[PDB]
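The structure file model_2.cif is reproduced below (mmCIF, N, CA and C atoms).
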```cif
data_entry
#
loop_
_atom_site.label_atom_id
_atom_site.label_comp_id
_atom_site.auth_asym_id
_atom_site.auth_seq_id
_atom_site.Cartn_x
_atom_site.Cartn_y
_atom_site.Cartn_z
N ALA X 1 2.79 14.25 0.20
CA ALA X 1 1.56 13.98 0.92
C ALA X 1 1.34 12.48 1.10
N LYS X 2 1.32 12.03 2.35
CA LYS X 2 1.12 10.62 2.65
C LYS X 2 -0.29 10.17 2.26
N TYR X 3 -0.41 8.92 1.83
CA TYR X 3 -1.70 8.37 1.43
C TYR X 3 -2.04 7.14 2.26
N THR X 4 -3.32 6.77 2.26
CA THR X 4 -3.79 5.61 3.01
C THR X 4 -4.89 4.87 2.25
N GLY X 5 -4.88 3.55 2.35
CA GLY X 5 -5.88 2.75 1.68
C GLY X 5 -5.85 1.29 2.10
N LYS X 6 -6.15 0.40 1.16
CA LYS X 6 -6.15 -1.03 1.45
C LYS X 6 -5.08 -1.75 0.63
N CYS X 7 -5.02 -3.07 0.77
CA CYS X 7 -4.04 -3.87 0.04
C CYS X 7 -4.52 -5.32 -0.08
N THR X 8 -4.08 -5.99 -1.14
CA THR X 8 -4.45 -7.38 -1.38
C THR X 8 -3.32 -8.33 -1.00
N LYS X 9 -3.68 -9.45 -0.38
CA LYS X 9 -2.70 -10.44 0.04
C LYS X 9 -2.55 -11.53 -1.02
N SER X 10 -3.29 -11.40 -2.11
CA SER X 10 -3.24 -12.38 -3.19
C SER X 10 -2.22 -11.97 -4.25
N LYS X 11 -2.06 -10.66 -4.43
CA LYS X 11 -1.11 -10.13 -5.41
C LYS X 11 -0.18 -9.11 -4.77
N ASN X 12 -0.35 -8.89 -3.47
CA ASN X 12 0.48 -7.94 -2.74
C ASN X 12 0.52 -6.59 -3.46
N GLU X 13 -0.63 -5.91 -3.49
CA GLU X 13 -0.72 -4.61 -4.14
C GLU X 13 -1.49 -3.62 -3.27
N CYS X 14 -0.87 -2.47 -3.01
CA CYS X 14 -1.48 -1.44 -2.19
C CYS X 14 -2.32 -0.49 -3.04
N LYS X 15 -3.52 -0.18 -2.57
CA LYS X 15 -4.42 0.72 -3.29
C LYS X 15 -4.55 2.05 -2.56
N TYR X 16 -3.95 3.09 -3.13
CA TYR X 16 -4.01 4.42 -2.53
C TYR X 16 -4.39 5.47 -3.57
N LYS X 17 -4.26 6.74 -3.19
CA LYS X 17 -4.59 7.84 -4.09
C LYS X 17 -3.35 8.68 -4.39
N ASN X 18 -2.97 8.71 -5.67
CA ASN X 18 -1.80 9.48 -6.09
C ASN X 18 -1.95 10.95 -5.72
N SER X 19 -0.96 11.75 -6.11
CA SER X 19 -0.98 13.18 -5.81
C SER X 19 -1.82 13.94 -6.84
N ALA X 20 -3.13 13.69 -6.83
CA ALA X 20 -4.04 14.34 -7.76
C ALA X 20 -5.49 13.99 -7.44
N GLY X 21 -5.72 12.74 -7.06
CA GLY X 21 -7.07 12.30 -6.73
C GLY X 21 -7.55 11.20 -7.65
N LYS X 22 -6.93 10.03 -7.54
CA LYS X 22 -7.30 8.88 -8.36
C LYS X 22 -7.03 7.58 -7.63
N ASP X 23 -7.11 6.47 -8.36
CA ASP X 23 -6.87 5.15 -7.78
C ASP X 23 -5.53 4.59 -8.25
N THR X 24 -4.52 4.67 -7.38
CA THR X 24 -3.19 4.17 -7.71
C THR X 24 -2.94 2.82 -7.06
N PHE X 25 -2.34 1.90 -7.81
CA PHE X 25 -2.04 0.57 -7.31
C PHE X 25 -0.55 0.27 -7.42
N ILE X 26 0.10 0.13 -6.27
CA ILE X 26 1.53 -0.16 -6.24
C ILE X 26 1.80 -1.55 -5.68
N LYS X 27 3.07 -1.92 -5.61
CA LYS X 27 3.46 -3.23 -5.10
C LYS X 27 4.08 -3.11 -3.71
N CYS X 28 3.40 -3.67 -2.71
CA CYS X 28 3.88 -3.63 -1.34
C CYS X 28 5.15 -4.45 -1.18
N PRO X 29 5.93 -4.14 -0.14
CA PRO X 29 7.19 -4.84 0.15
C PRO X 29 6.96 -6.27 0.63
N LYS X 30 7.99 -7.10 0.51
CA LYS X 30 7.90 -8.49 0.94
C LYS X 30 8.47 -8.67 2.34
N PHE X 31 8.57 -7.57 3.08
CA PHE X 31 9.10 -7.60 4.44
C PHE X 31 8.21 -8.45 5.35
N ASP X 32 8.47 -8.38 6.65
CA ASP X 32 7.70 -9.14 7.62
C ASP X 32 6.83 -8.22 8.46
N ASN X 33 6.60 -7.01 7.96
CA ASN X 33 5.78 -6.03 8.67
C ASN X 33 5.05 -5.12 7.69
N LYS X 34 5.76 -4.70 6.64
CA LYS X 34 5.18 -3.82 5.63
C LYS X 34 4.55 -4.64 4.50
N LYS X 35 4.49 -5.95 4.69
CA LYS X 35 3.90 -6.84 3.69
C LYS X 35 2.41 -7.02 3.93
N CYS X 36 1.67 -7.28 2.86
CA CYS X 36 0.23 -7.47 2.95
C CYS X 36 -0.10 -8.87 3.47
N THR X 37 -0.44 -8.95 4.76
CA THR X 37 -0.78 -10.22 5.38
C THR X 37 -2.28 -10.33 5.63
N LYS X 38 -3.07 -9.75 4.74
CA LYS X 38 -4.52 -9.78 4.87
C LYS X 38 -5.19 -9.11 3.67
N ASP X 39 -6.18 -9.78 3.10
CA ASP X 39 -6.90 -9.25 1.95
C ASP X 39 -7.87 -8.15 2.37
N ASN X 40 -7.94 -7.09 1.57
CA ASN X 40 -8.82 -5.96 1.87
C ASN X 40 -8.40 -5.27 3.16
N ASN X 41 -7.19 -5.55 3.61
CA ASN X 41 -6.67 -4.95 4.83
C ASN X 41 -6.41 -3.46 4.64
N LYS X 42 -5.70 -2.86 5.59
CA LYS X 42 -5.38 -1.44 5.52
C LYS X 42 -3.87 -1.22 5.41
N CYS X 43 -3.47 -0.41 4.44
CA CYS X 43 -2.06 -0.12 4.22
C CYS X 43 -1.84 1.38 4.00
N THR X 44 -0.68 1.87 4.42
CA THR X 44 -0.35 3.28 4.27
C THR X 44 0.78 3.48 3.26
N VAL X 45 0.67 4.53 2.45
CA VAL X 45 1.68 4.83 1.44
C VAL X 45 2.39 6.14 1.75
N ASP X 46 3.70 6.17 1.53
CA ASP X 46 4.49 7.36 1.77
C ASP X 46 5.31 7.74 0.54
N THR X 47 4.75 8.60 -0.30
CA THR X 47 5.42 9.04 -1.51
C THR X 47 6.70 9.80 -1.18
N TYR X 48 6.82 10.23 0.07
CA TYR X 48 8.00 10.97 0.51
C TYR X 48 9.28 10.20 0.21
N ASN X 49 9.16 8.87 0.16
CA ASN X 49 10.30 8.01 -0.12
C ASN X 49 9.85 6.61 -0.50
N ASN X 50 8.65 6.51 -1.05
CA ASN X 50 8.09 5.23 -1.47
C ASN X 50 8.15 4.22 -0.32
N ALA X 51 7.64 4.63 0.84
CA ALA X 51 7.62 3.76 2.01
C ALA X 51 6.23 3.21 2.27
N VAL X 52 5.92 2.08 1.64
CA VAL X 52 4.61 1.45 1.80
C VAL X 52 4.59 0.54 3.02
N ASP X 53 3.49 0.58 3.76
CA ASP X 53 3.34 -0.25 4.96
C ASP X 53 2.00 -0.99 4.94
N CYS X 54 2.05 -2.27 4.59
CA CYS X 54 0.84 -3.09 4.54
C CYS X 54 0.68 -3.89 5.83
N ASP X 55 -0.57 -4.06 6.25
CA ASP X 55 -0.87 -4.81 7.47
C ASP X 55 -2.37 -4.87 7.72
#
```
Translate the structure of the given file into structure tokens.
Amino acid sequence: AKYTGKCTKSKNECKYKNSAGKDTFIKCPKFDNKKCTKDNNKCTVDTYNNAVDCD
């Protein structure tokens, strides 16, 4: 089940909801598209293969 939330550009961490209903914080990629280039921005998480997309 894909998740959606926000992300921080200060520590590059995506905030989503794990497969249960809580607050999970992971580390976004350092790519040039899936990286967190904005604080409190919006990022999508894909547990299907750990494919985080920050922007």
| request: Work out how far apart CA of residue 19 (chain X) and atom C of residue 32 (chain X) are and give it in Å to one decimal. | output: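 Computing the Euclidean distance for CA of residue 19 (chain X) and atom C of residue 32 (chain X) yields 26.9 Å.
Within the 5 Å cut-off around region 1-14 of chain X, using all atoms listed in the file and omitting residues fewer than 3 positions from it on the same chain, the listed residues are residues 25, 26, 27, 28, 36, 38, 39, 40, 41, 42, 43, 44, 45 and 46 of chain X.
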| message | Quick check, in Å to one decimal: how far apart do CA of residue 33 (chain X) and CA of residue 51 (chain X) lie? | response | 12.0 Å
Mind listing the strand (DSSP E) residues of chain X, per DSSP on the backbone, as a PDB file with N, CA and C atoms, keeping the file's coordinate frame?
```pdb
ATOM      1  N   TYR X   3      -0.410   8.920   1.830  1.00  0.00           N
ATOM      2  CA  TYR X   3      -1.700   8.370   1.430  1.00  0.00           C
ATOM      3  C   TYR X   3      -2.040   7.140   2.260  1.00  0.00           C
ATOM      4  N   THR X   4      -3.320   6.770   2.260  1.00  0.00           N
ATOM      5  CA  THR X   4      -3.790   5.610   3.010  1.00  0.00           C
ATOM      6  C   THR X   4      -4.890   4.870   2.250  1.00  0.00           C
ATOM      7  N   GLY X   5      -4.880   3.550   2.350  1.00  0.00           N
ATOM      8  CA  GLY X   5      -5.880   2.750   1.680  1.00  0.00           C
ATOM      9  C   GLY X   5      -5.850   1.290   2.100  1.00  0.00           C
ATOM     10  N   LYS X   6      -6.150   0.400   1.160  1.00  0.00           N
ATOM     11  CA  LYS X   6      -6.150  -1.030   1.450  1.00  0.00           C
ATOM     12  C   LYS X   6      -5.080  -1.750   0.630  1.00  0.00           C
ATOM     13  N   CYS X   7      -5.020  -3.070   0.770  1.00  0.00           N
ATOM     14  CA  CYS X   7      -4.040  -3.870   0.040  1.00  0.00           C
ATOM     15  C   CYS X   7      -4.520  -5.320  -0.080  1.00  0.00           C
ATOM     16  N   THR X   8      -4.080  -5.990  -1.140  1.00  0.00           N
ATOM     17  CA  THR X   8      -4.450  -7.380  -1.380  1.00  0.00           C
ATOM     18  C   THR X   8      -3.320  -8.330  -1.000  1.00  0.00           C
ATOM     19  N   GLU X  13      -0.630  -5.910  -3.490  1.00  0.00           N
ATOM     20  CA  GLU X  13      -0.720  -4.610  -4.140  1.00  0.00           C
ATOM     21  C   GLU X  13      -1.490  -3.620  -3.270  1.00  0.00           C
ATOM     22  N   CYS X  14      -0.870  -2.470  -3.010  1.00  0.00           N
ATOM     23  CA  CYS X  14      -1.480  -1.440  -2.190  1.00  0.00           C
ATOM     24  C   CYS X  14      -2.320  -0.490  -3.040  1.00  0.00           C
ATOM     25  N   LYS X  15      -3.520  -0.180  -2.570  1.00  0.00           N
ATOM     26  CA  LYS X  15      -4.420   0.720  -3.290  1.00  0.00           C
ATOM     27  C   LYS X  15      -4.550   2.050  -2.560  1.00  0.00           C
ATOM     28  N   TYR X  16      -3.950   3.090  -3.130  1.00  0.00           N
ATOM     29  CA  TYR X  16      -4.010   4.420  -2.530  1.00  0.00           C
ATOM     30  C   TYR X  16      -4.390   5.470  -3.570  1.00  0.00           C
ATOM     31  N   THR X  24      -4.520   4.670  -7.380  1.00  0.00           N
ATOM     32  CA  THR X  24      -3.190   4.170  -7.710  1.00  0.00           C
ATOM     33  C   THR X  24      -2.940   2.820  -7.060  1.00  0.00           C
ATOM     34  N   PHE X  25      -2.340   1.900  -7.810  1.00  0.00           N
ATOM     35  CA  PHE X  25      -2.040   0.570  -7.310  1.00  0.00           C
ATOM     36  C   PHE X  25      -0.550   0.270  -7.420  1.00  0.00           C
ATOM     37  N   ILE X  26       0.100   0.130  -6.270  1.00  0.00           N
ATOM     38  CA  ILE X  26       1.530  -0.160  -6.240  1.00  0.00           C
ATOM     39  C   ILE X  26       1.800  -1.550  -5.680  1.00  0.00           C
ATOM     40  N   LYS X  27       3.070  -1.920  -5.610  1.00  0.00           N
ATOM     41  CA  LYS X  27       3.460  -3.230  -5.100  1.00  0.00           C
ATOM     42  C   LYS X  27       4.080  -3.110  -3.710  1.00  0.00           C
ATOM     43  N   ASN X  41      -7.190  -5.550   3.610  1.00  0.00           N
ATOM     44  CA  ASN X  41      -6.670  -4.950   4.830  1.00  0.00           C
ATOM     45  C   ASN X  41      -6.410  -3.460   4.640  1.00  0.00           C
ATOM     46  N   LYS X  42      -5.700  -2.860   5.590  1.00  0.00           N
ATOM     47  CA  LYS X  42      -5.380  -1.440   5.520  1.00  0.00           C
ATOM     48  C   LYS X  42      -3.870  -1.220   5.410  1.00  0.00           C
ATOM     49  N   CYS X  43      -3.470  -0.410   4.440  1.00  0.00           N
ATOM     50  CA  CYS X  43      -2.060  -0.120   4.220  1.00  0.00           C
ATOM     51  C   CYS X  43      -1.840   1.380   4.000  1.00  0.00           C
ATOM     52  N   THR X  44      -0.680   1.870   4.420  1.00  0.00           N
ATOM     53  CA  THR X  44      -0.350   3.280   4.270  1.00  0.00           C
ATOM     54  C   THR X  44       0.780   3.480   3.260  1.00  0.00           C
ATOM     55  N   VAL X  45       0.670   4.530   2.450  1.00  0.00           N
ATOM     56  CA  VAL X  45       1.680   4.830   1.440  1.00  0.00           C
ATOM     57  C   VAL X  45       2.390   6.140   1.750  1.00  0.00           C
ATOM     58  N   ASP X  53       3.490   0.580   3.760  1.00  0.00           N
ATOM     59  CA  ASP X  53       3.340  -0.250   4.960  1.00  0.00           C
ATOM     60  C   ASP X  53       2.000  -0.990   4.940  1.00  0.00           C
ATOM     61  N   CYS X  54       2.050  -2.270   4.590  1.00  0.00           N
ATOM     62  CA  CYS X  54       0.840  -3.090   4.540  1.00  0.00           C
ATOM     63  C   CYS X  54       0.680  -3.890   5.830  1.00  0.00           C
TER      64      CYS X  54
END
```
| said: Would you pick out the contacts of residue 34 (chain X) at 7 Å or less, using only N, CA and C atoms, so that residues sharing its chain but fewer than 2 positions from it are not included, and give the list as a ChimeraX atom specification? | reply: /X:28-32,36-37,52-55
